[PDB]
Every structure is written in C-alpha cells, then in structure tokens.
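As structure tokens, one chain now follows by itself in the form deposited in one PDB entry.
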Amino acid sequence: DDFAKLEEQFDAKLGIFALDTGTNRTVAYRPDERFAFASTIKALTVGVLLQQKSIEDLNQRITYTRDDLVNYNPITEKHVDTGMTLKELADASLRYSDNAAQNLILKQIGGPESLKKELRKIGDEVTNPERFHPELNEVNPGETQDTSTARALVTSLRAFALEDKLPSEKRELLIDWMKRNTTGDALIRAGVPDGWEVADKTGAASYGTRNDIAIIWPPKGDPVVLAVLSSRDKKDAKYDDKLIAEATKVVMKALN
C-alpha cells in the first residue's frame, strides 16, 4: 500500500483522514492515531474567536509587549509599539503561523481550557488543548496533552469552515485567510493539481512532527477536507515536507 510505502521511505508515522464532502467517501490511514497538533490548532482557535466576536469586534486593537513575544513572531515583532487588531492577529496567526499572535488570540478567548470547552461544545471530544506556546509543541509519545487525531481535526475544521458553527460572513474570513496562507507551499498544496483552490494550516513540533490540514476545492463541486499528520520516533528528528506532499497525491488518487 502507498501510505505504508511513504512511511518506509521517510522513516515516519503517517496519520491521514480525508473526507470528500461531495460523496461522503473517505480515505483513512491511522486516522484515529494521536499526534501533537502543533500550529494546526490556530485554525480552530480562530474559529472559536469568530464564534465569540462580531466581525466589527475584530477591529479591537490589542497592545502587547516583548514579554508576549516568543519565537517565530514574524508579524507581531514588527508592531509591539502600535499594537495590532484582532483581525490582524488572526491574519498573522493563520497566514504566517505567527506564534505570539496565536498566544494573544488564545488569551482573548480564555486560554487553553476555554478553547477545549468550546471545542467540546462543537462536538470534538478528541482535541486536547492544554498549553500555550512554546510548551504545546513538546509532546512525548503516549502523552495526550495538546494532541488530536486526523479524523477529529478534519471534523472540527469542516464544522467551522463549511458547516454551521459559524455564519457565512465569518466562514468567508476563515477560508480567505487559510486560502492565502504563506507557509504551506511544499505540503498539501504541492500534491494537489494547479487550479484547485487550497486553504490550509501547517504545523511543526518535536519528534519530527509535521502537519498540514486543508480544504481542497476541485474546479467544480464540493470540497475535500484533509489532515495529513506525521511524527517520527526520535525527539529531535527532522521532518521532510515532501512526505506530506506525496501523501496528499495518494489521497487525491484514492478519491478520484
């Protein structure tokens, strides 16, 4: 089988779930296996922020300090003195995977326990937000804190972005940010044909954890929701984006 082949080739564990919304056909490979969700959670966190606020509320400007800065603050490190609006923070978080921006949004919604509670409310009993950055990226095998599964991430992403946990105007924002992500070119985007729109959010963590979750639109007809998660068995392992791209191609063939 092709996913086993990719695990073999990249010496890694793959977690895959894809749902063709058109036909309810699915592709599944260790779909219920836990991985550290890493930055992929920022997409769901914006979903909860959008539930909580009106669009016009997203213009509240948040002031933060160097204390709030962590690592990978490409957008937030520029605006310490001016602050950024909640909308701008969501943009940075989703499109640049700006860690401080996610931390600030998380705080506005009540922190990790409040995020968990709202995820439970939308039907996700799997995803387990517990920690802020940086600590959430540090997940040891067998630990369930700050993990989810491919199936649950797909189910929660679909629910915010495509179903009825948000109204259309807010769904449109989420999709637009994710469509215009800067960080995923070598992942799920590299395994879909040009001309098929992709909205995605990437993550990376310890044990070589390398994640992408995505909504993929064919030219015509309903979208595919997909999570490709991976991890390796050594703590300081490196990842290869190419695994995610290759796994994506196998999914697309399995569905077409």
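The numbering used is simple: start at 1 and walk along the sequence shown.
Missing here is the form deposited with a partner chain bound; even so, the following discussion is about that form.
Contact check for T63, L104 and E135: all three have a heavy atom within 4.5 Å of the partner chain in the entry with it bound. For the partner chain in the entry with it bound, the listed stretch (37 to 45, 55 to 63, 226 to 234, 207 to 215) containing residues with heavy atoms inside 4.5 Å is 55 to 63. Contact annotation for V70: at least one heavy atom lies within 4.5 Å of the partner chain in the entry with it bound.
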